Structures are given as structure tokens and as C-alpha cells.
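Heads up, the thing below is written out as C-alpha cells.
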Amino acid sequence: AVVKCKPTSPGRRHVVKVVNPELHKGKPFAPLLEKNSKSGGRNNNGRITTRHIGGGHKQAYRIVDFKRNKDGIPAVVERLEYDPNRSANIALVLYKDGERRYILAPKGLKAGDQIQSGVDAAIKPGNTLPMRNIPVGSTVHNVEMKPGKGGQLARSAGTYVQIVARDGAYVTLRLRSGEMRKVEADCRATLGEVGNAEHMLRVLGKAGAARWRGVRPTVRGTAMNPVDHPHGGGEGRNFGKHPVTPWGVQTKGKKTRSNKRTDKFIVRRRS
Amino acid sequence: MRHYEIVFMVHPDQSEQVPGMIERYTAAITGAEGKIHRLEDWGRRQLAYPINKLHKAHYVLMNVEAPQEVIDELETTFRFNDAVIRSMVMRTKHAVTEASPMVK
Amino acid sequence: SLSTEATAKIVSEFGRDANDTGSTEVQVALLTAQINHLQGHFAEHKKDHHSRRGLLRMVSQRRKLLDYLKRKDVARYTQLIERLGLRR
Amino acid sequence: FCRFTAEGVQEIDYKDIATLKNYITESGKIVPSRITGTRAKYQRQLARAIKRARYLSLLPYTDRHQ
Amino acid sequence: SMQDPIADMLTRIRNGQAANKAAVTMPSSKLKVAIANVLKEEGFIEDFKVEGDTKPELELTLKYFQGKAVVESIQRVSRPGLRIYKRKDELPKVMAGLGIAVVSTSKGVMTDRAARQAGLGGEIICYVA
Amino acid sequence: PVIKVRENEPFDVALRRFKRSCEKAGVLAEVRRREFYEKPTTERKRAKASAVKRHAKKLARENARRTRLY
RNA sequence: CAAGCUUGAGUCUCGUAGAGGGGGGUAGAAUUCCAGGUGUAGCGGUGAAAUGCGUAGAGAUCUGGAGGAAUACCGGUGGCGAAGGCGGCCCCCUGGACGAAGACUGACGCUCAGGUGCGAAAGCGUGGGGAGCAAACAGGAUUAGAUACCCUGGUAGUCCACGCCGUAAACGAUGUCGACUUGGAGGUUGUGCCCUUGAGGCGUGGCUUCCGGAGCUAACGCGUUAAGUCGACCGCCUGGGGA
Ligand SMILES: [Mg+2]
Ligand SMILES: [Mg+2]
Ligand SMILES: [Mg+2]
Ligand SMILES: [Mg+2]
Ligand SMILES: [Mg+2]
Ligand SMILES: [Mg+2]
Ligand SMILES: [Mg+2]
Ligand SMILES: [Mg+2]
Ligand SMILES: [Mg+2]
Ligand SMILES: [Mg+2]
Ligand SMILES: [Mg+2]
Ligand SMILES: [Mg+2]
Ligand SMILES: [Mg+2]
Ligand SMILES: [Mg+2]
Ligand SMILES: [Mg+2]
Ligand SMILES: [Mg+2]
Ligand SMILES: [Mg+2]
Ligand SMILES: [Mg+2]
Ligand SMILES: [Mg+2]
Ligand SMILES: [Mg+2]
Ligand SMILES: [Mg+2]
Ligand SMILES: [Mg+2]
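Chains as they are written, first to last, in the authors' numbering: chain C, 2 to 272; chain f, 1 to 104; chain o, 2 to 89; chain r, 10 to 75; chain h, 2 to 130; chain u, 2 to 71.
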């Protein structure tokens with residue numbers, strides 16, 4: 002549920018919290034945790050390869066099961082948990098055989114709910130089955146692109162995909178971007194939309210919240226000197242040039258997809 | 001326990017698969033202590049208009065007294081089952097055991 | 002609406018002499034039960050205004066009945082409100 | 010005059026296709042109660058039945074559609 | 002809701018007189034009955050008759066002279082919304098003594114003249130002309 | 002309005018039949034009605050007028066037109 | 001104040017008709033767009049034109065797909081709802097009304113300043129959605145001018161979710177409840193009897209349309225659903241502007 006903060010201080014004035022009382026008030030399941038050290042947007046060459054990253058709160062990596070492989074054996078959801086790594090929420094599930102795994106939490110999923118992966122798996126939210134077994138028209142999330150690879154599409158907070166068509170060995174997917182994409186019919190996908198839908202409604206409220214999320218301040222190109230950015234320089238506020246990246250590439254409109262390998266899967270580009 | 005009236009059309013290619021389906025449906029109804037008052041396989045029948053590109057369909061009628069949960073389950077089964085094209089579960093006041101005009 | 006069997010049961014519970022059905026107390030109980038039933042409905046269906054109107058009317062009627070009981074015989078009223086667990 | 014009153018039917022059946030066919034025109038449209046002489050109570054029932062039939066492909070929505 | 006029975010009765014009477022009805026019937030009351038009796042005494046109605054045990058019905062036989070109604074005008078004075086009480090000297094005269102004013106007095110319901118004779122006032126029920 | 006020309010049938014007669022069928026359908030009229038969006042108010046108003054019109058005409062016929070005109 | 005009574009008011013039994021409300025599904029027709037086929041020079045539009053779309057192949061025509069919105073016919077001075085309003089079909093949850101007999105409760109009622117809720121359309125906020133329609137805007141006409149009417153386009157908006165807004169010729173321009181008073185022609189929804197000897201006959205209730213009598217009204221008209229005859233309670237008006 003969305004909660005607007007009382008303006009007791011400036012910088013608290015605009016803050017909107019997403020408060021979910023269904024989340025686990027306690028420690029994550031340690032066997033599925035692992036160390037996740039920060040980059041600061043720097044590669045193996047130690048150069049900043051992506052600006053505006055650094056700082057933020059220390060985050061343990063939750064080992065989310067995107068692959069979803071436990072076929073036939075039904076799980077029960079123990080608890081929904083906060084995951085710092087993703088916009089979505091995750092759920093600690095417990096298989097009848099004894100294994101515990103984290104999965105992406107779907108929309109209507111709660112504690113005590115039963116889920117199943119497999120071919121025989123019944124069509125209900127949270128359940129995972131090959132897309133040739135899933136009826137056409139359904140909302141689906143955590144979609145595999147290559148059979149067995151692991152969910153790759155519609156992972157984020159409230160996202161989902163529609164199975165618009167099934168034609169032979171390919172199912173056509175209406176991606177969240179609006180892109181129509183052919184994917185193999187034998188690819189695994191988890192029924193329903195991913196859970197934390199109201200995530201977008203939250204507002205950070207102050208610069209500090211951005212920092213906490215590991216985001217360093219973005220400097221306007223036009224603020225810089227000509228040496229620093231193609232937008233740089235000018236007495237007062239000048240900007241006679243067409244908008245470009247820091248590396249002089251048109252930023253308003255200039256299409257940059259070059260991947261000729263995957264072009265055959267793309268039925269229609271997003272609009 | 002509410003009196004319903006279920007009528008479902010099956011794909012003409014799946015016509016030999018129909019009796020088993022019927023049996024299964026009956027079984028489920030029986031499970032929740034539900035009565036089955038009249039059951040009429042109308043057979044293969046020519047449609048007034050083509051539905052999803054076909055011109056013939058296999059018609060089945062089934063009047064049943066049951067709870068609503070099982071009816072809901074049946075509806076769900078129908079929706080997910082590709083062999084059954086159309087399905088019309090309809091609430092009825094009485095048992096209506098008497099034969100239909102088209103069978104008559 | 003309230004099922005026949007339930008109504009009968011209510012009558013049996015609150016009826017001073019057999020299945021009298023008309024008693025003020027009985028009526029109040031019937032209304033109360035209906036209100037309770039409808040609460041669940043209204044939790045689900047927030048925008049069902051026409052139905053809500055009916056509920057409100059029922060509530061009003063119940064209140065009126067309670068008031069009538071109060072002026073008539075206080076002890077009985079008290080007993081009823083112990084039974085049903087209403088604040089006033 | 011009304012045919013349903015003389016017969017005294019409890020409810021008009023959507024499965025009774027032939028009877029329904031008498032109350033729809035060449036283009037598949039429902040014939041008005043003024044033309045048929047049907048009572049208003051039964052007329053609505055008949056209409057409902059026709060609609061049901063249309064849904065269940067027993068009667069057509071229109072003469073054209075193929 | 003019905004708030005004035007006497008007024009209703011009077012209205013009924015008026016309507017009967019208008020519509021040339023021989024008899025007018027209504028649910029009976031004691032005060033009503035008294036009023037009817039008074040009217041009979043004064044000669045504005047032919048007869049009054051109470052009939053029934055559980056819920057009795059007063060039946061008034063209306064009076065007509067030369068094809069036209071005897072009761073020309075009939076108006077309530079005291080009413081539930083506005084009660085009217087007069088003293089013996091304050092007692093009104095309907096049609097300059099020709100018409101009557103039905104008054105509920107300490108010593109029963111009577112005409113205004115009778116009340117005056119007695120030497121007592123009370124609630125003026127209605128004027129009859 | 003599907004019309005099928007039968008054996009040993011003239012063209013003109015067939016045309017006439019087709020026309021009749023069209024009339025029965027009320028297809029042209031329907032098209033005319035749907036040519037522009039009529040406001041619901043306007044639709045109601047027209048209906049009311051029609052209702053008035055019919056009744057008034059009937060009244061004129063039955064009651065007013067049973068007397069010596071000449 | 002005390003005891004009662006059953007006619008007001010309410011409860012119960014069985015049915016009845018209904019676009020009453022909320023939620024979830026689905027169907028068919030059509031518009032639009034997308035892909036492809038056939039095919040060739042116009043299409044579109046109007047009072048007449050032009051802008052516009054078209055030999056980069058339109059319009060037309062067939063196939064397949066996508067999506068949104070609205071539900072032809074039935075459909076009715078028909079129905080339901082307090083009003084606003086509500087219209088494909090199906091299911092789930094649900095409010096009201098009426099009749100039929102009885103049985104019960106026993107005045108528990110009416111009205112209502114403040115207060116609370118509901119409240120068309122447009123609008124506003126966040127998030128969706130977006131076919132058609134279309135404020136704004138653009139171009140073409142028309143014209144003395146045309147910030148219009150007409151045409152080609154077309155964005156908010158219209159649709160959904162949750163909030164806000166609280167107004168309309170929100171009208172029957174007629175506050176709510178009760179009683180009484182000549183009639184006729186209907187419609188609709190029950191129900192009792194009668195040989196249903198037939199679609200009928202004789203009744204008796206509920207809701208409703210038109211005509212009209214007495215009466216009322218300035219007149220127009222209203223006229224058992226009153227604007228008649230009365231009672232109860234509330235809201236409101238005090239010359240026209242300014243306002
Ligand atoms: Mg950045
Ligand atoms: Mg920034
Ligand atoms: Mg900046
Ligand atoms: Mg500088
Ligand atoms: Mg430098
Ligand atoms: Mg440079
Ligand atoms: Mg400068
Ligand atoms: Mg410059
Ligand atoms: Mg109901
Ligand atoms: Mg007020
Ligand atoms: Mg709006
Ligand atoms: Mg908006
Ligand atoms: Mg946004
Ligand atoms: Mg928006
Ligand atoms: Mg658009
Ligand atoms: Mg325009
Ligand atoms: Mg347009
Ligand atoms: Mg106003
Ligand atoms: Mg209106
Ligand atoms: Mg007004
Ligand atoms: Mg009131
Ligand atoms: Mg009149």
C-alpha cells in the first residue's frame with residue numbers, strides 16, 4: 002500500500018513509501034544468500050564504464066530461482082521477503098521433498114499458497130510450465146528466451162507478458178515494452194504478473210534516497226566545459242548543438258539497435 | 001444445492017473423445033454429492049455460423065444439481081480445455097428431467 | 002438475503018412462545034444477522050451503493066426497534082443487547 | 010393472438026429451435042410483438058431464448074455472416 | 002400519517018355534501034361520535050349510526066334541502082399544529098349566531114350557544130355554517 | 002437480405018422480391034439512422050414526439066372524425 | 001403515568017416480474033490499424049468545391065491477425081431504481097417492490113433545522129488504456145470579415161482502476177406522509193373464482209399512459225398518480241437590475 006509522508010521536515014515532504022505488511026520482518030534464508038560486492042560502475046580495467054553508480058547500502062545477493070526446475074514436486078510458499086537486488090519481491094518456497102528456494106513473487110501469491118512447475122502443472126498464478134502448454138492470451142512473467150536458460154523477460158516489479166499467438170515451434174509474446182517477439186514454444190514461463198505492482202508509485206523525496214540506492218548525481222552536459230561534453234561551454238546558458246551523448250551520439254530519437262542476429266525473432270518493434 | 005443446466009460444444013475432430021469427457025464430468029459432480037438429472041448427447045450438428053473456422057460441432061447437454069464450487073471448477077476446466085469450443089452453464093429453478101424438443 | 006433455515010433458527014432462538022416470528026427482539030436479531038452477513042459483502046464491494054442503501058435502511062429500522070424496546074421494557078432490551086453484542 | 014398463452018407454457022426454451030424460428034425474420038432479426046401478437050411477458054422470454062440460441066450457434070445472429 | 006381524525010371526518014362530510022352522497026362512513030371514535038350527536042341535535046345531519054365491535058364504523062346520513070346541501074361550510078378551528086382555547090366571554094359566533102361552533106367544554110362536547118348558556122369555555126373543535 | 006433466383010424466374014420479379022426483402026429488413030433506414038451520432042436526449046425526444054403523434058391522430062380519427070363533415 | 005386493543009407500521013411462509021446495484025467471464029456485428037493476395041485510376045468530400053488520400057498502386061475487393069469501444073433486431077409514452085440513472089448473453093455476491101393466504105409483534109408511526117450519505121455531464125489528481133468520436137489546434141472552403149456554421153485532418157477528453165469535484169432546464173420547472181371525492185379508453189405486472197366448452201367470462205390488488213366530470217386556477221390548464229377537498233411536518237419567495 003502507498004503511504005504519503007507527513008511533511009515534518011523538508012525532504013520528508015514528498016516522500017511516498019510503499020508499505021507492505023506481508024513482507025517478512027526478519028532475516029533472509031542464509032543458504033540462498035551470497036556476497037555481492039559493489040562495482041561503483043567500474044570494469045576490470047578500473048575505468049568508469051557506466052556513470053552515476055556508486056555508494057549505497059550494502060546488499061546481499063538472494064539466489065532467485067529463475068530456472069525453475071523442480072518438476073512435479075509441489076512447493077508451498079513460506080514467506081514473502083524483501084529483496085534489495087530487484088524491484089520485485091521474492092518468496093521463500095518449500096518443496097515437499099525438503100528443498101527451499103527463492104522465487105519471484107507473482108501478484109496474488111501469499112503465504113501458504115501452493116505452486117508447481119512442470120508440464121502437468123495446473124494453470125494458476127505462480128505455477129510454471131512450457132509455453133506450448135500455457136493457453137493463449139494469458140498473462141505470464143519470468144519468461145525464458147532459450148529453453149532451459151532461465152527466466153529473462155518480465156522480471157521487474159509489476160511486469161508481465163501476453164502470449165498473443167502460438168504458431169508451430171514459436172509462441173508470439175507481447176513484451177511489456179510493446180514489442181512483439183517470437184520465442185520458442187518449449188520455453189518455460191511462470192503464470193500471472195509479477196507481484197510488487199505499486200513499486201512505481203513510490204517517490205524518493207530527497208537526494209539522499211537516490212544515494213542510498215547507489216545512484217551518484219548526474220551532471221548535465223550543458224553544465225560542463227566544452228572539453229568535458231559536446232554540450233559544454235557557453236557564456237551563460239548556451240546550447241546551439243543537437244543533443245548528444247557524452248561521446249557525441251544523437252540522443253533524441255537516434256535508433257541504436259544493431260543486433261542483426263536476433264532480428265528474426267522481433268515481430269514488431271515497440272512504440 | 002443449486003440446479004444448473006450445462007450445454008457444451010466440442011470440436012468435430014474430438015468427437016470420439018467426448019464420452020470419456022462426459023464420464024469425467026459426471027464423476028466430478030458425483031464427488032460433491034451432486035445429482036445428474038438429465039444427460040443428452042445431441043451428437044455432431046451443423047452450426048448456424050462458423051466458430052473459429054469450423055462449421056460442425058458436437059453438442060452435449062447436462063442438467064445437474066450441485067454446489068457452486070464444483071460448477072466453477074467445471075467452468076475452469078472448459079475454459080482451459082481446447083477440445084470444447086463453447087460452454088453455457090445456466091442456473092435453473094427446477095430439476096427439469098423431461099426430454100429436450102430436439103431429442104423428442 | 003437471509004436463508005429460510007437461518008431465519009427459522011433465529012426465530013427458534015429468540016421467540017418467546019414457539020414460532021411467533023413477530024416479536025421485536027426477534028426482528029432485531031434478524032436485522033442484526035443480515036447486517037453481519039452484508040458486512041463481508043461490503044468489504045468486497047466498496048462501490049455497491051444501491052445495496053448499501055438497503056443495508057442502511059435495515060440498520061435504521063433496527064435502531065428504531067431498539068429505541069422502542071428501551072422505552073417499553075429496559076431489562077429485555079439489555080438482555081437482547083448482551084445476546085447480540087451491540088454497544089447500544 | 011399470442012401462441013404461448015393458448016399453450017400455457019411455463020418458460021420458452023432456447024433448445025426449442027423450430028418454435029424460435031417462427032419468431033425470427035429472414036435476416037435473423039427478432040420479430041416485434043405487434044406483428045406476432047405475442048403478450049409482452051412472453052415476448053421478453055422469447056427474445057432471451059433467441060439470444061441464448063444465437064450464443065450457442067443454434068440460430069444465426071444475421072443471415073449474412075459466414 | 003393521519004394526525005387529525007376529527008378534521009378528516011369533517012373533510013369526508015364536506016366531500017359527501019359536494020358529491021351528493023346519501024351516507025358517509027368512517028372509523029368511529031368517542032369524540033367523533035359526540036360531534037356527530039351534536040350535529041344531529043343542531044340538525045345538520047339526518048342520523049348517525051355506529052356499527053361494529055372490534056373496529057366500529059360511524060355512518061352518517063347526510064342532509065339535503067331543496068336539492069342542495071345543508072352543511073354549507075365546515076372548518077376546523079383547533080388543530081394538532083395549532084390548538085385553540087377560548088373563554089366563555091371570548092366564544093365566537095358563526096354566521097352572526099346562525100351557524101354553530103362545536104366546542105369541547107368541561108361538561109362535554111356541545112354547541113357554542115349551549116356553552117355560553119352554561120357559563121364555560123374550552124377547545125373550539127370546528128365552525129359549521 | 003439474401004435472395005436466390007429460382008428456375009424459370011424473370012429478373013424483374015427477382016429484383017422486386019429483393020426490394021421487398023430490403024424493406025422488411027429496414028436496412029436503408031438503419032443506415033440513415035447511423036449516419037450521424039444522435040444524442041440520447043434527441044433520440045428520447047423523437048420517440049416521445051412519435052408517441053404523441055400516434056395517439057393524437059388516433060384521437061382525431063375515432064372521436065373527432067365521426068361527425069357530419071358536410 | 002398505568003394497563004390494553006389492531007385498523008397504521010413492521011416480521012414471518014410461498015411465489016412473481018424487473019436495463020435495480022457490484023464483481024468476473026464470454027459472444028456476435030461493425031469501425032480502425034497491421035501483414036499478405038486480386039486489381040487499376042481514381043477515391044474522398046460538398047450546395048458547389050478545395051485541402052486530403054492516391055500509379056511509392058489508393059479506393060474497391062478476399063484472407064489472416066491485432067486491439068478498443070459499444071451492444072442492431074427484441075424495444076414498447078415497456079420495466080426497475082430515492083434521485084442521478086440503468087439495455088448483448090452467462091455465472092457469483094446483493095438491494096428493493098408486489099401479490100397470495102394465514103400466523104405474529106402491538107403505534108414500534110409521520111416529518112425533519114443542524115448532520116451524514118448518494119449524486120448526469122464536463123473537469124481535476126496518480127496509474128493504466130486509446131479503436132471510433134472529438135473540445136483545443138491545423139489546413140481547405142464560405143464570407144465584406146468568419147477566431148463560426150460546412151469539409152479534410154486532429155490533441156486533451158471520452159474507456160478502466162482508486163481518489164477528488166458536488167453542479168445541470170438534477171424538470172412533472174409540481175417537497176415528503178396520510179385520508180376523502182363522478183367516470184372512460186388503454187398498457188404493464190400479480191392473483192381468486194368460472195364448463196379455460198377457445199385466443200376467453202366475472203372479479204380483485206400493485207405500478208403506469210392518455211382523455212375528461214365536479215371542483216380549483218389569472219388564464220393556460222390540473223383534474224382519484226389533482227394544481228380538488230383537508231390534516232402533519234419541513235424547505236423557500238417579498239418589484240427589476242446591481243447580483
Ligand atoms: Mg544515469
Ligand atoms: Mg536527473
Ligand atoms: Mg542533472
Ligand atoms: Mg562551467
Ligand atoms: Mg578533464
Ligand atoms: Mg568537442
Ligand atoms: Mg546569454
Ligand atoms: Mg541563440
Ligand atoms: Mg432478490
Ligand atoms: Mg438539512
Ligand atoms: Mg467524468
Ligand atoms: Mg483524467
Ligand atoms: Mg508515469
Ligand atoms: Mg491519464
Ligand atoms: Mg488516438
Ligand atoms: Mg471537426
Ligand atoms: Mg474526425
Ligand atoms: Mg441549483
Ligand atoms: Mg435528468
Ligand atoms: Mg429547481
Ligand atoms: Mg423521510
Ligand atoms: Mg386532463
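For each residue, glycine too, the CB sits at the ideal point set by N, CA and C.
Legend entry - With 16 other Cβ atoms within 10 Å as the buried cut-off, status of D98/C: To locate residue 98/C, count along the first sequence from 1; it is residue 97. Exposed is the call here.
Legend entry - Separation of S259/C from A30/u, as counted between CA atoms: Taking the sixth sequence and counting its residues from 1, the one referred to as residue 30/u is at position 29. Taking the first sequence and counting its residues from 1, the one referred to as residue 259/C is at position 258. Using only the alpha carbons, I get a separation of about 57 Å.
Inset, instruction - Determine the DSSP secondary structure at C127/h, reduced to helix, strand or coil. - result: The residue labelled residue 127/h in the question sits at position 126 within the fifth sequence. In the three-state reduction of the DSSP assignment, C127/h falls in the strand class.
Inset, instruction - Check each residue of the segment 34 to 52 of chain r: if its Cβ is closer than 9 Å to any Cβ of chain u, include it; give the result in chain order. - result: Interface annotation for the segment 34 to 52 of chain r against chain u: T34, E35, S36, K38, criterion Cβ-Cβ distance under 9 Å.
Inset, instruction - Return the CA-CA distance between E24/u and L154/C, expressed in angstroms with no decimal places. - result: Walking along the sixth sequence from the start, residue 24/u turns up at place 23. Walking along the first sequence from the start, residue 154/C turns up at place 153. Answer to the nearest angstrom: the Cα atoms are 57 Å apart.
Legend entry - Status (buried if at least 16 other CB within 10 Å, exposed otherwise) for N197/C: Counted from its first residue, the first sequence places residue 197/C at position 196. Classification for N197/C: buried.
Inset, instruction - Taking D72/r as the query, report the chain f residues whose CB atoms sit under 9 Å from its CB, ordered along the chain. - result: As a position in the fourth sequence, residue 72/r is number 63, starting the count at 1. The contacting residues do not exist; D72/r stays about 10 Å from chain f at best.
Legend entry - Closest Cα partner of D66/C within the set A106/C, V162/C, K265/C, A123/C: The residue you call residue 66/C lines up with position 65 of the first sequence. Minimum Cα distance to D66/C is reached at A106/C.
Inset, instruction - In angstroms with no decimal places, state the Cα-to-Cα distance between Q115/C and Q46/f. - result: Walking along the first sequence from the start, residue 115/C turns up at place 114. Walking along the second sequence from the start, residue 46/f turns up at place 46. In a straight line, the C-alpha of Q115/C is about 43 Å away from that of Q46/f.
Inset, instruction - Enumerate in chain order the residues of its own chain whose CB-to-CB distance from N63/f is below 8 Å, with the five nearest sequence positions on each side excluded. - result: Sequence index remark: in the second sequence, residue 63/f carries index 63 (1-based). Contacts found: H3, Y4, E5, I6, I36, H37, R38, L39, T92, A95, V96, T97.
Legend entry - Reference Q67/h, options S107/h, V51/h, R13/h, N21/h, closest by Cα: As a position in the fifth sequence, residue 67/h is number 66, starting the count at 1. The candidate whose alpha carbon is nearest that of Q67/h is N21/h.
Legend entry - Between the CA atoms of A102/h and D113/h - distance to the nearest angstrom: The residue given as residue 113/h occupies position 112 in the fifth sequence. The residue given as residue 102/h occupies position 101 in the fifth sequence. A102/h has its alpha-carbon roughly 5 Å from the corresponding atom of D113/h.
Legend entry - C-alpha gap between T43/u and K54/u, whole angstroms: For the purposes of this step, residue 43/u is taken as the residue at position 42 of the sixth sequence. For the purposes of this step, residue 54/u is taken as the residue at position 53 of the sixth sequence. Going from the Cα of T43/u to the Cα of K54/u covers about 16 Å.
Legend entry - Stretch pair the segment 80 to 92 of chain h + the segment 2 to 16 of chain u: three plus CB contacts closer than 8 Å: Segments in contact, no.
Legend entry - Cutoff 6 Å; reference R61/r; Cβ partners in own chain excluding five residues on either side: On the fourth sequence, position 52 is the one that residue 61/r refers to. Same-chain partners within the cutoff: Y23.
Inset, instruction - Return the residue from the list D82/f, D41/f, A48/f that minimises the CA-CA distance to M102/f. - result: Sequence index remark: in the second sequence, residue 102/f carries index 102 (1-based). Closest option to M102/f, Cα to Cα, is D41/f.
Inset, instruction - Just list the beta strand (DSSP E) runs in the segment 55 to 96 of chain C, keeping only unbroken ones of 3 residues or longer that don't cross its boundaries, in chain order. - result: Counting whole runs of 3 or more residues, the segment 55 to 96 of chain C contains the beta strand (DSSP E) stretches 76 to 82, 91 to 96.
Inset, instruction - List the endpoints of the continuous alpha helix (DSSP H) containing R21/u. - result: Here residue 21/u corresponds to residue number 20 of the sixth sequence, with the count starting at 1. Its alpha helix (DSSP H) spans residues 12 to 26.
Inset, instruction - Figure out for me which residue from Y171/C, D72/C, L34/C has the closest Cα to the Cα of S118/C. - result: Locating residue 118/C in the first sequence gives position 117, where the first residue counts as 1. Of the listed residues, the one whose Cα sits closest to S118/C is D72/C.
Inset, instruction - Tell me whether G109/h sits in a helix, a strand or coil according to DSSP, three-state version. - result: In the fifth sequence, residue 109/h corresponds to position 108, counting from 1. Reduced to three states, the DSSP call for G109/h is strand.
Inset, instruction - Report yes or no: do three or more beta-carbon pairs, one from the segment 40 to 59 of chain h and one from the segment 42 to 55 of chain r, lie closer than 8 Å? - result: Taking 8 Å as the limit for Cβ pairs, the verdict is that the segment 42 to 55 of chain r does not touch the segment 40 to 59 of chain h.
Legend entry - Separation of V172/C from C188/C, as counted between CA atoms: As a working note, residue 188/C is residue 187 in the first sequence. As a working note, residue 172/C is residue 171 in the first sequence. Looking at the two C-alpha atoms, the distance is approximately 9 Å.
Legend entry - Sequence-distant residues of its chain with Cβ nearer than 6 Å to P148/C (five each side left out): Stepping through the first sequence from its first residue, residue 148/C is reached at position 147. Only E185, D187, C188 meet the Cβ criterion.
Inset, instruction - Quick one: residues in its chain with C-beta nearer than 7 Å to the C-beta of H15/C, no 5 flanking neighbours on either side, listed in chain order? - result: In the first sequence, the residue the question calls residue 15/C occupies position 14. Excluding sequence positions up to five before and after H15/C, its CB lies within less than 7 Å of the CB of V204, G206, all in the same chain and listed in chain order.
Legend entry - Burial state of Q80/o, where buried means 16 or more other Cβ atoms lie within 10 Å: Counting from one through the third sequence, the residue named residue 80/o turns up at place 79. It is exposed - the Cβ of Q80/o has fewer than 16 other Cβ atoms within 10 Å.
Legend entry - CB contact below 8 Å: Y49/f versus chain r: Looking up residue 49/f in the second sequence gives position 49. So, interface residue.
Inset, instruction - Residues of the segment 64 to 97 of chain f with a CB closer than 7 Å to any CB of chain r: list them in chain order, please. - result: Listed by position along the chain: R86, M88.
Inset, instruction - Return yes when the C-beta of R214/C is under 7 Å from any heavy atom of ligand 1, and no when it is not. - result: Here the question's residue 214/C lines up with position 213 in the first sequence. Incorrect: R214/C has no Cβ contact closer than 7 Å to ligand 1.
Inset, instruction - Could you pull out every residue in the same chain whose Cβ sits closer than 8 Å to the Cβ of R80/C, ignoring the five residues on either side in sequence? - result: As a first step, residue 80/C is located in the first sequence; it is residue number 79 there, counting from the start. Excluding positions up to five away in sequence, the list reads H25, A92, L93, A112.
Inset, instruction - With a threshold of 16 other CB atoms inside 10 Å of the CB of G37/r, please say whether the residue is buried or exposed. - result: For the purposes of this step, residue 37/r is taken as the residue at position 28 of the fourth sequence. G37/r comes out buried.
Legend entry - Cutoff 8 Å; reference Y69/o; Cβ partners in own chain excluding five residues on either side: Within the third sequence, numbered from 1, the residue matching residue 69/o stands at position 68. Only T25 meet the Cβ criterion.
Inset, instruction - Starting from the Cα of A66/f, find the closest Cα among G34/f, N52/f, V84/f, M90/f and give me that residue. - result: Looking up residue 66/f in the second sequence gives position 66. When each option's Cα is compared against that of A66/f, the closest is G34/f.
Inset, instruction - Measure the beta-carbon distance from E69/f to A28/f and round it to whole angstroms, keeping in mind my assumption that it falls under 8 Å. - result: Reading the second sequence from its first residue, position 69 is the one you call residue 69/f. Reading the second sequence from its first residue, position 28 is the one you call residue 28/f. About 11 Å separates the two Cβ atoms, so there is no contact after all.
Legend entry - chain r contact residues for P101/f, given Cβ-Cβ distances below 7 Å: Numbered from 1 along the second sequence, position 101 holds the residue referred to as residue 101/f. For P101/f, the residues of chain r that pass the 7 Å Cβ criterion are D22, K24, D25, in the order they occur in the chain.
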